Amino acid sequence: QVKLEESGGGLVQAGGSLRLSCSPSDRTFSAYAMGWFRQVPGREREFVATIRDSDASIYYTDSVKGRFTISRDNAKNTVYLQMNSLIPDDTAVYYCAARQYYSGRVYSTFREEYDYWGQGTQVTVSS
């Protein structure tokens, strides 16, 4: 019944920056965990970042560490993926993911761990 809405994406040049946003249609829906996954064609939807309610709950894949920042705004009910110093290898379809309930694991990194998904937003990093 919950649909996640993604904003941002498109064409951006190598070394450039982009901000992806994600929010549910029903703003009273608060997920325990929010996440970002990316898919390169011919490969599985891969883990990028996760966030719950603190900075200790933040976890990134090594390939994006130091360049990408995941943040959450409770008042706007939106999760953000600030992508800085974009490299050609960041080109993929980026998906927003929401996990409704509590997890015993410190970080939710598997697709199976999430319940609701975004439509997917294409990110193309020029030359």
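All residue numbers refer to positions in the sequence shown, first residue = 1.
Asks: Quick one: higher average CA temperature factor, 73 to 81 or 93 to 101?
Replies: Per the deposited B-factors, the answer is 73 to 81.
Asks: Return whichever of 83 to 91 and 23 to 31 has the greater mean Cα B factor according to the PDB record.
Replies: If you average the C-alpha B-factors of 83 to 91 and of 23 to 31, the larger mean comes out for 23 to 31.
Asks: Among the candidates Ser54, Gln39, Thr61, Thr50, give the one with the maximum CA B-factor reported in the record.
Replies: Comparing C-alpha B-factors across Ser54, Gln39, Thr61, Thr50, the maximum falls on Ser54.
Asks: Using the temperature factors of the C-alpha atoms in this entry, rank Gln13 within its chain: lowest, middle or highest third.
Replies: Middle third, going by the recorded CA B-factors of the chain.
Asks: C-alpha B factor of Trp117, ranked within the chain: lowest, middle or highest third?
Replies: Its C-alpha B-factor, which the entry lists for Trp117, ranks in the middle third among residues of this chain.
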